[PDB]
Amino acid sequence: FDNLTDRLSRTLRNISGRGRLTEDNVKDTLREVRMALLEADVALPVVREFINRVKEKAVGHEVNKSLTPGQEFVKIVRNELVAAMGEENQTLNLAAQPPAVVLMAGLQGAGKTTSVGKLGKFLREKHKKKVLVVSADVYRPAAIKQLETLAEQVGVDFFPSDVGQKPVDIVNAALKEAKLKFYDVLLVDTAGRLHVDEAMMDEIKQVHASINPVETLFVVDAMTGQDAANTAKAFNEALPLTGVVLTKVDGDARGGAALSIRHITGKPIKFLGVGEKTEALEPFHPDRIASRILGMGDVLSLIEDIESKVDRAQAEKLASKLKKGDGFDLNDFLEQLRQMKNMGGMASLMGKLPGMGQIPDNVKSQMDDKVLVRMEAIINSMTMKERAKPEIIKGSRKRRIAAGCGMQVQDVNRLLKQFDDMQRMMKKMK
Amino acid sequence: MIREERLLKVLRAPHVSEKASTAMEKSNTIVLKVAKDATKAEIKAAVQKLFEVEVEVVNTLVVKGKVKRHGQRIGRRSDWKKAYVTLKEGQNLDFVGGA
Amino acid sequence: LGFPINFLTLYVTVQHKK
Amino acid sequence: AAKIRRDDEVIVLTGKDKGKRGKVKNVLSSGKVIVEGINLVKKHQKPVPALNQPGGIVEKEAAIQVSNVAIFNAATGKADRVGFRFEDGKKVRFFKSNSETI
Amino acid sequence: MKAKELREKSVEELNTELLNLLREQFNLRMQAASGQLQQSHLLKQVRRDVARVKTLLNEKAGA
RNA sequence: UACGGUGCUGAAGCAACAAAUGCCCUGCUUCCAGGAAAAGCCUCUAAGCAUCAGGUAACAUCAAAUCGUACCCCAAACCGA
RNA sequence: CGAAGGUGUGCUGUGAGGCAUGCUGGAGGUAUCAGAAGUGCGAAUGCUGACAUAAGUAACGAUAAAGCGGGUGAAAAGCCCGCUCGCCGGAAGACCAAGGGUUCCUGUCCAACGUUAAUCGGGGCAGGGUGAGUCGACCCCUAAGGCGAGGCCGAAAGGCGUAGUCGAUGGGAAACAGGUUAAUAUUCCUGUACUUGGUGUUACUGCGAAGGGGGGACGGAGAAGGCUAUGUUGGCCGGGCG
RNA sequence: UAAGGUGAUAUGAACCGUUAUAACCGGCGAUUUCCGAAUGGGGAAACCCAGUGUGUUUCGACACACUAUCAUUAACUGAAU
Ligand SMILES: [Mg+2]
Ligand SMILES: [Mg+2]
Ligand SMILES: [Mg+2]
Ligand SMILES: [Mg+2]
Ligand SMILES: [Mg+2]
Ligand SMILES: [Mg+2]
Ligand SMILES: [Mg+2]
Ligand SMILES: [Mg+2]
Ligand SMILES: [Mg+2]
Ligand SMILES: [Mg+2]
Ligand SMILES: [Mg+2]
Ligand SMILES: [Mg+2]
Ligand SMILES: [Mg+2]
Ligand SMILES: [Mg+2]
Ligand SMILES: [Mg+2]
Ligand SMILES: [Mg+2]
Ligand SMILES: [Mg+2]
Ligand SMILES: [Mg+2]
Numbered sequence: 002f003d004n005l006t007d008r009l010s011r012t013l014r015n016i017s018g019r020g021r022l023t024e025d026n027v028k029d030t031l032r033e034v035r036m037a038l039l040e041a042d043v044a045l046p047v048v049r050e051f052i053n054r055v056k057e058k059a060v061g062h063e064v065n066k067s068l069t070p071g072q073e074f075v076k077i078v079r080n081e082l083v084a085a086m087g088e089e090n091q092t093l094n095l096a097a098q099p100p101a102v103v104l105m106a107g108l109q110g111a112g113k114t115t116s117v118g119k120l121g122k123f124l125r126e127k128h129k130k131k132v133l134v135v136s137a138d139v140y141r142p143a144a145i146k147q148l149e150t151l152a153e154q155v156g157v158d159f160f161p162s163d164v165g166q167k168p169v170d171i172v173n174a175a176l177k178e179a180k181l182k183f184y185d186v187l188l189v190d191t192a193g194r195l196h197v198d199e200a201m202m203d204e205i206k207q208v209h210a211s212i213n214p215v216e217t218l219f220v221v222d223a224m225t226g227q228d229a230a231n232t233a234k235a236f237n238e239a240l241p242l243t244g245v246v247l248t249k250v251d252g253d254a255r256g257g258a259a260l261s262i263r264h265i266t267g268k269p270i271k272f273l274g275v276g277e278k279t280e281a282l283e284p285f286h287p288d289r290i291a292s293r294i295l296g297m298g299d300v301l302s303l304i305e306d307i308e309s310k311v312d313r314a315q316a317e318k319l320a321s322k323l324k325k326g327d328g329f330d331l332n333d334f335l336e337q338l339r340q341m342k343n344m345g346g347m348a349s350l351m352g353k354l355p356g357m358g359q360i361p362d363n364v365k366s367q368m369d370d371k372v373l374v375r376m377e378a379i380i381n382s383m384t385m386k387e388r389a390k391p392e393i394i395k396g397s398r399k400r401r402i403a404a405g406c407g408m409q410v411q412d413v414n415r416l417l418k419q420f421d422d423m424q425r426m427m428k429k430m431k
Numbered sequence: 001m002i003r004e005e006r007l008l009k010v011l012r013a014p015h016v017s018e019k020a021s022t023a024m025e026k027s028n029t030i031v032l033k034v035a036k037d038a039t040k041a042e043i044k045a046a047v048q049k050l051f052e053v054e055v056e057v058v059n060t061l062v063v064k065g066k067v068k069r070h071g072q073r074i075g076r077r078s079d080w081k082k083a084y085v086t087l088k089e090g091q092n093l094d095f096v097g098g099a
Numbered sequence: 050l051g052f053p054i055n056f057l058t059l060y061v062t063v064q065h066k067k
Numbered sequence: 001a002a003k004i005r006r007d008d009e010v011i012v013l014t015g016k017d018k019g020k021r022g023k024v025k026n027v028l029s030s031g032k033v034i035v036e037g038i039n040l041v042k043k044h045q046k047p048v049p050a051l052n053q054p055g056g057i058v059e060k061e062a063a064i065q066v067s068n069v070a071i072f073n074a075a076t077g078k079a080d081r082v083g084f085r086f087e088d089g090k091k092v093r094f095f096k097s098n099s100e101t102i
Numbered sequence: 001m002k003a004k005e006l007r008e009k010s011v012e013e014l015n016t017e018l019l020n021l022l023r024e025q026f027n028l029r030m031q032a033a034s035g036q037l038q039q040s041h042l043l044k045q046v047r048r049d050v051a052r053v054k055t056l057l058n059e060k061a062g063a
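In structure tokens:
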């Protein structure tokens, strides 16, 4: 699909194709996009519908004047992409009360356990709250184990029972535990050996109605895709509050149909998480995905951080002395850094997004990030004062930083200006 | 005999500058730079027809240039032209602008 | 604000190789 | 006076080399002649809008134009250009002694 | 048309690369070169093409 | 507030006297040296028109094209190197 | 295994010079004999270029003098901000024509140009910037004068000039007040208008020239009256009590 | 004629070409704005304005073609007689 999200700007071409008509720009794209889908799993029965509705509109509308059609088209395209997928209902993944019951019903494994992590993981790096997890699966091996890891490796205990093949108890057991300790949120992955899905649920049956869980979720890898539909489906009935997510994004190639099918049941998602890494999990809201043409955008996010910074120096001392008396030192510069990789200086989103308003070049984003660490290299390879008078960088005083930071000269001189010029231009206020 | 009119290619890309867009805020009057022998009357239809805009009345200018690229001796003029069209608030264009 | 501030911040880091 | 098409295992009658075969060539009438016969070293300054410095300098379009013997199944030399009947006629395309194409 | 391919009918119709067959050039007309994505082949193959067809007319008609 | 300036809001807002080389004044008076032209404009008819066309007025609407317009201008942008 | 040319040395001749050779130089040079000459400069207040001298001397362009605190910056007497101070004000202000032809505004940079320094400029390099039915030119009209079918002259070139056609410095139609841009402005916006031509509807009617008539349409000087610009005082309104 | 090419400062870019139809060289032809004898009148050369036709016409009207002087002839006219 991704490479369709290009058809996007591939479309932002006044030139147009051969057809004098350029009239076809659309339909192609349609089909084009239309293609990229099913090819990427995606069911089709539906499609007709979309592709249709799409059409429908046309012969019943026009872009309010004062606005190039081409564009409009989209709003519409986009428009229906939404509906096409998780139409619109903003999933409510946060606290109804506290603490909580995360019944994690999983078909055969696959994200089975994993998932939980970032999930939990996620919420700890969110509310003073107290997670808590439990190995709610005894058929397949590495219950705790593989999982167990993270648990600590994230600063989040968990609990289970070696070997010990029997949910319920253990579950129950767990539960009240944290509870007794009065934690805030529990996550507990489960499943069963029944070769039939009704048997799966059949299991969750007791599982559920024995515990009395508030929030319940199933999950699946796009591996299965549109097929999945059913699976989940049968259950939306079991429990409508039944919301879910799709294991592995970067973990397939089919996707679509997966999430597609879902939707088309009134299905309820909340996240998705590209795959590996303790954080790849993400919230979810059609648009969000799709954001940026067919799915993920931010920065708006990464964007909004400016506000974080820009308006925080405000935050040394906002004044912390109304004025001007010279009260701080310009090494933010490097200050920027930290934040950022400390937390969120991950690529912030710096992608750039649509080259807009001016499309400039490939290395600009494209070529420093991955590697805007370097700049850092030094800095900490220098006294405070240094960065306050970034104009006392004699060949002498620095080569040491050069080596002291481990970087053969060049790199530096070859930067010193990306500092004294930044401003230069930067500082160009009338 | 058919009128040798560049029914289509009378103009070229839009000017675009500070006045650009800020001028659009006035009456959706955009600039665009037409060729010398333009005559507003030839512009009016040029923009409204084919390019679907339904404008009304213009302005148009001229403007020259003159610089010096290489060291000595090498210099010139260049000329050009301006336009402002209008576009009533009623008949829009589903504007082809963004950020 | 978010554009320049963020874009200058961006343009600066890339240009300054160290 | 072009003496190469898609490949000519030339030699080096003179030019710091004895007989190093090669390719590229691109000899002509208004253009150059480049082959591994020669190469050099010195990179050019790259201020960074983007590091327009891929780095690595060796030959680019090294010198040495015409006046270069082309391949022969045996030793060296063997100036080409003779001419044959029909067989295209878009060029003499033959060889000295016995041969035509490689 | 192309070359000899051009000699066929007699309708000026083919001579409309300008109408709905030229609007494309109009977009990528902004200097400051903005639009580098991939095969940005914004070179004039069409305007040079406007002739030929602009020719032949007389070939058939008069000289 | 960027330090230049910005968005909002906003009172009274009259009378008396005094003037011009400006205006009535292409005037009035007077003098000898006795003070452009042509078109527009108004009007009168010729040939011609001969229930027509045209004319006048009211309003309705369309048209009013194309060049110049930046800045210096008793001066650091003009004539004096 | 270093030509010419350049710079030293030794020997040699009566001399103009010759030879050898160290250094530099990076390619050509030419015994001998004979031949053809742009064949040898210190001078011509000689031509051209380069460099001295005077001499770090005179001078730095109106005698309307400037002081200070900040800012920026490698550096500030000169640039930006501020408070003082002084100068012009029938102007040293404002607007336009003539002429100039981007000098305008923004960002930048300080080599050369600024009679010094220069972060500053009418300097460099970029961009941006002059929007009309009512202002002007085109355009109707003609002045002086120019050109001039045919025509009259004149060795040729060509001179003169009838019809006629150009030619403003003069006559012909119509817009103002607020607002706004970094820079435009009776051109853009708002509010309120106006001129002329075509077409149309209505009403009433004799229309019609390159022609006739009127009119445009015109001096100098002087003498008022009335009025407006506009100023002053009061009233009114807002503000302060030193 | 061909394995190479899109003139130069001029690279870069985007392209065109390669065992019978790029590029290049030669012949013939097409197009050839405007000013300039300049030739429709005008004119401070590159611009101002007009008469008669023409098609389209979204039927508003516009773009284009012809309209210089003079002589030979011809045709038609036609003063003072
Ligand atoms: Mg002005
Ligand atoms: Mg003088
Ligand atoms: Mg002397
Ligand atoms: Mg001294
Ligand atoms: Mg002395
Ligand atoms: Mg002295
Ligand atoms: Mg002195
Ligand atoms: Mg002075
Ligand atoms: Mg200049
Ligand atoms: Mg200035
Ligand atoms: Mg300047
Ligand atoms: Mg104008
Ligand atoms: Mg005469
Ligand atoms: Mg006249
Ligand atoms: Mg005049
Ligand atoms: Mg001004
Ligand atoms: Mg003419
Ligand atoms: Mg003439």
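Chains as they are written, first to last, in the authors' numbering: chain 9, 2 to 431; chain T, 1 to 99; chain 7, 50 to 67; chain U, 1 to 102; chain X, 1 to 63.
Here a beta-carbon is modelled for each residue, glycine too, at the ideal position from N, C-alpha and C.
| Check | Outcome |
| --- | --- |
| C-beta contact flag for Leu260 (chain 9) and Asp222 (chain 9) at 8 Å | no |
| Interface partners of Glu13 (chain X) on chain 9, CB under 8 Å | Result: empty, since nearest Cβ-Cβ is about 10 Å, beyond 8 Å. |
| Proximity winner among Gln166 (chain 9), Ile145 (chain 9) and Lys130 (chain 9), relative to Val139 (chain 9) (alpha-carbon distances) | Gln166 (chain 9) |
| Cβ-based contacts, 7 Å cut-off: residues of the region 55-71 of chain U near chain 7 | none |
| One or two residues paired with residue 1 (chain 9) in a DSSP bridge | Residue 1 (chain 9) is absent from the model: chain 9 starts at 2 and stops at 431. |
| CB contact check: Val12 (chain U) to chain 7, cutoff 8 Å | no |
| Any alpha helix (DSSP H) of 4 or more consecutive residues that is wholly inside the region 317-393 of chain 9 | 335-339 and 364-367 |
| For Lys66 (chain 7), the nearest candidate out of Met297 (chain 9), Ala378 (chain 9), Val135 (chain 9) and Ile205 (chain 9) (CA to CA) | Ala378 (chain 9) |
| Residues from the region 356-383 of chain 9 in contact with chain T, defined by Cβ distance under 7 Å | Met357 and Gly358 |
| Local conformation of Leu187 (chain 9) per DSSP, three classes | strand |
| Beta-carbon contacts of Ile290 (chain 9) that lie in its chain and below 8 Å, excluding the five residues immediately before and after | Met86, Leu273, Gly296 and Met297 |
| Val75 (chain 9), enclosing alpha helix (DSSP H) - first and last residue | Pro70 to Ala85 |
| Presumed contact (8 Å Cβ cut-off) between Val220 (chain 9) and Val103 (chain 9), rounded CB distance | Not really, about 11 Å apart at Cβ, beyond 8 Å. |
| Short Cβ contact (8 Å threshold) for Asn173 (chain 9) with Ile145 (chain 9) | no |
| Positions along the region 18-41 of chain T whose CB lies within less than 9 Å of some CB in chain 9 | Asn28 |
| Given 8 Å, three or more beta-carbon pairs between the region 27-44 of chain X and the region 354-366 of chain 9 | yes |
| Start-end ranges of the alpha helix (DSSP H) lying completely within the region 211-292 of chain 9, minimum 4 residues | 230-237 and 258-264 |
| Same chain only: Cβ atoms within 7 Å of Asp8 (chain U), ignoring 5 sequence neighbours per side | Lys25, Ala70 and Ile71 |
| Residue of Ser67 (chain U), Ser99 (chain U), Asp88 (chain U) and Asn98 (chain U) minimising C-alpha distance to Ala1 (chain U) | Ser67 (chain U) |
| Beta-bridge partners of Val134 (chain 9), as assigned by DSSP | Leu188 (chain 9) |
| Straight-line gap, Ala23 (chain T) to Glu387 (chain 9) (C-alpha atoms, nearest Å) | 47 Å |
| Chain U residues whose Cβ lies nearer than 8 Å to that of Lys66 (chain 7) | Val48 and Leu51 |
| Any C-beta of chain X under 8 Å from that of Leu9 (chain 9) | no |
| Cut-off 6 Å between Cβ atoms - residues of its own chain near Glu36 (chain U), not counting five sequence neighbours on either side | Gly22 |
| Residues bridged to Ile34 (chain U) [DSSP beta-bridge criterion] | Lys25 (chain U) |
| Beta carbon proximity, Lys66 (chain 9) to chain T, threshold 8 Å | yes |
| Backbone secondary structure at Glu56 (chain T) - three-state DSSP | coil |
| Contacting residues, own chain, Cβ-Cβ under 6 Å from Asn59 (chain T) (five flanking each side not counted) | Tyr84 |
| Spatial neighbours of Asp3 (chain 9) in its chain, beta-carbon cut-off 8 Å, leaving aside the 5 residues before and after | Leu295 |
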